[PDB]
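In: sequence, then structure. It's an experimental one.
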2 protein chains.
Amino acid sequence: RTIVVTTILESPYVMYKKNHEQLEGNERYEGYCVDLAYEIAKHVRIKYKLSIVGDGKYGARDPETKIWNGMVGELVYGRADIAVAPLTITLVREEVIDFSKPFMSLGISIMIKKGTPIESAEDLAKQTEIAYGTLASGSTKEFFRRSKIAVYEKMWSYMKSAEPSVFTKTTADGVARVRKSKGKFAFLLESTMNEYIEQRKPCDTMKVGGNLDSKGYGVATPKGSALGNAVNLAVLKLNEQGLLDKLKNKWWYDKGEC
Amino acid sequence: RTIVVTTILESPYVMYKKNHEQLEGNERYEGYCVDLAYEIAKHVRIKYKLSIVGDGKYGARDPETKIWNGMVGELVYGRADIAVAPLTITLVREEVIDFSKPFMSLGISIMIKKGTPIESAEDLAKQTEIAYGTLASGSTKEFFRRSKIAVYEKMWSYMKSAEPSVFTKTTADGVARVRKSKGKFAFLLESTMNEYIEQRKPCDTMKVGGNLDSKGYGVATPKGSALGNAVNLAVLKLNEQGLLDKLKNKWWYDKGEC
Ligand SMILES: N[C@@H](Cn1oc(=O)[nH]c1=O)C(=O)O
Ligand SMILES: N[C@@H](Cn1oc(=O)[nH]c1=O)C(=O)O
Ligand SMILES: [Zn+2]
Ligand SMILES: [Zn+2]
């Protein structure tokens, strides 16, 4: 009866409240996805418990052991009933879990330290003074790994072999590295996170260029789960009432610091 | 074995080729959705026949007779196996048919005759010299009808009662009316169609402001159809190969006239 909602600590989707160490259960967290889980549960009519994913990952399949990790894994092996998180809808994931229709649209983008002389992936690709990388595992990394498009192949060729590693274990790590690199590191990440970060102090980063692709985040459910249908209707409803747009303004722009 | 693909004459999704009167079957048409149906059928491995929807509509339910019209209707009453068209994913539709994940993202937008003094829905709403309207039936009209947001309620209040009607039976009609109105008519339509039109001669229209919402088009299938699953994977695949982006450039921007 109390359903497990797997999620992931990633601002501003899910965040520790300032006095969290003194709080319990759901009250520990706030963010866009905390609000969204609340709204969804209200329409689906369920009680639920947020659970930050143990391995801190999104979800990829180990090519060796065939095993799925991250939030995906939590749904594939039955430890969670639903994932409300910035989980990217992809072909490989969609073969093993279900996704609602997108609650947010987005694409991969480039984050630079202000002043950095880079406007496009082409600008990054044709040079080697400025390093660049992506979250160590996630759909962004995969986009590069799988692309057949020359510029992206070049970038992947460089990233996969660069030393030290240019991959990071979290978004926050990538951002820190951009901020600390005096313009000598650019980070490849989703436009959503990129835009959030751009609106926060010290206001020293910016998104440059267009997005590289066009995709979305879906609320995810175990394959053939009988919550799937309701959750999907619930998402469309919420989008149609303009609630999704309201929550986006609330967590990104309303409090923007820049 | 030969499956019926319902679609709709709407540039540049589906269009008569210049020598169509001399051609037969699928060869009569070209466009983004003609290309997309081709790609999908190739991955799903089916033979198919495009069929322009008889009533020229997208799909709404007659509140009186409960009957569904347009492409939706063609799927609900079994006359078509799939719809490959700029069909907007909505809550009411999703209750009666299935949609793949979005193949294109978009939102409602404002089309003006260049020079018209309007930058936002708020600008339209607060005045009455410039008339404005939407496709006579479609999700855009419905957005206005259902909104609880003050500005949109105002607009709907004005549109529903305006004389002569401000609704049009086709996109093309709305565009013509903007072009013929010397700036005294603005048209509410999806950003996709708006952008296409902006790139065509006489180059006298433009999109102004942000979109009013954020949604997408899905390939649609009869509810519980066993083509649904393949079509959905097929869409994600195509997006992941960058084919969807390539077709968008092909039909909108590559040949842009402005
Ligand atoms: N939403 C992404 C995770 N991730 O966040 C980014 O910004 N890049 C990236 O790969 C996923 O679902 O894998
Ligand atoms: N895609 C829309 C049809 N339509 O096209 C527009 O530009 N507005 C509008 O309502 C639908 O599926 O109802
Ligand atoms: Zn703490
Ligand atoms: Zn003709």
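Out: It's in. Residues are numbered from 1 along each chain as shown, chains lettered A, B, ... in the order given. Ligands and ions are numbered 1, 2, ... in the order given.
In: interface residues of the stretch 51-200 of chain A facing chain B?
Out: Contacts of the stretch 51-200 of chain A with chain B, taken as Cβ under 8 Å from any Cβ of the partner chain, map to A:89-91, A:94-95, A:99, A:101-102, A:105, A:143, A:146-149. For every residue, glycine as well, the C-beta is placed using N, CA and C.
In: try it again with 7 Å
Out: Counting by Cβ under 7 Å from any Cβ of the partner chain, the stretch 51-200 of chain A comes close to chain B at A:89, A:90, A:91, A:94, A:101, A:102, A:105, A:149.
In: tell me which of these fall in strands.
Out: Of those, the ones assigned to strands by DSSP state E are residue A:105.
In: out of the residues of the stretch 51-200 of chain A next to chain B, the closest to residue B:138 would be?
Out: The shortest distance between residue B:138 and any of these, using Cβ to Cβ, involves residue A:101 and amounts to 18.7 Å.
In: verify the stated contact: that closest one with residue A:235.
Out: Yes - Residue A:101 is in contact with residue A:235 according to Cβ atoms under 7 Å; the separation is 5.7 Å.
In: what residue is smack in the middle of chain A?
Out: Taking Cα atoms, centre = their mean, the centroid of chain A lies closest to residue A:86, which sits 4.1 Å from it.
In: check contacts around that one.
Out: Residue A:86 makes contact with A:10, A:13, A:192, A:217, according to Cβ atoms under 7 Å, 6 or more residues apart in numbering or on different chains.
In: dump these into CSV; add secondary structure as well.
Out: CSV is the format used below for these (DSSP: H, G, I helix; E, B strand; the rest coil):
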residue, secondary structure
A:10, strand
A:13, coil
A:192, helix
A:217, strand
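In: export those as CSV, with columns for neighbour count.
Out: Written out in CSV, the entries for the contacts of residue A:86 read as follows (neighbours: other Cβ atoms under 10 Å in any protein chain shown):
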residue, neighbour count
A:10, 22
A:13, 25
A:192, 22
A:217, 23
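In: what comes into contact with stretch A:125-145?
Out: By Cβ under 7 Å, 6+ apart, the list of residues contacting stretch A:125-145 reads A:57-58, A:60, A:88, A:90, A:108, A:116, A:118, A:124, A:151-152, A:154-156, A:159, A:162, A:166-169, A:171, A:174, A:184-190, A:213.
In: which of these are buried?
Out: With neighbours counted using 16 or more other Cβ atoms under 10 Å in any protein chain shown, these contain these buried positions: A:57-58, A:60, A:88, A:90, A:108, A:116, A:118, A:124, A:152, A:154-156, A:159, A:166-168, A:171, A:174, A:185-190, A:213.
In: which ones among those lie within helices?
Out: For the buried ones among the contacts of stretch A:125-145, the ones inside helices are A:124, A:152, A:154, A:155, A:156, A:159, A:171, A:174, with DSSP state H as the criterion.
In: OK, contacts around the first one?
Out: With contact taken as Cβ under 7 Å, 6+ apart, residue A:124 is in contact with A:110, A:118, A:130, A:132, A:155, A:186.
In: same check, this time on the fifth one
Out: When contacts are counted by Cβ under 7 Å, 6+ apart, residue A:156 touches A:144, A:145, A:147.
In: then the third one?
Out: By Cβ under 7 Å, 6+ apart, the contact list for residue A:154 reads residue A:125.
In: give me the residue from the stretch 1-150 of chain A nearest ligand 1.
Out: Ligand 1 sits closest to residue A:138 of the stretch 1-150 of chain A, with a gap of 2.2 Å, by Cβ to the nearest ligand atom.
In: how many neighbours does that residue have?
Out: Residues lying near residue A:138 (other Cβ atoms under 10 Å in any protein chain shown) number 22.
In: what ranges do the helices span in chain A?
Out: So, for chain A - with DSSP H - the helices run A:32-44, A:70-76, A:91-94, A:121-125, A:139-146, A:150-161, A:171-180, A:191-198, A:228-240, A:243-248.
In: give me whichever of the ones you listed is most buried.
Out: Mean neighbour count, computed with mean count of other Cβ atoms under 10 Å in any protein chain shown, is highest for helix A:70-76 among the helices of chain A, reaching a mean of 25.
In: what does chain A put close to ligand 1?
Out: If contacts are counted using Cβ under 6 Å from any ligand atom, the residues of chain A sitting beside ligand 1 are A:58, A:86-88, A:135, A:138-141, A:171, A:189-190, A:193.
In: where's residue A:183 relative to residue A:116, distance?
Out: With the distance defined as Cβ to Cβ, to the nearest Å, residue A:183 ends up 4 Å from residue A:116.
In: ignore what I typed, I meant residue A:97.
Out: Between residue A:97 and residue A:116 the distance is 37 Å, computed by Cβ to Cβ.
In: understood, closing this out.
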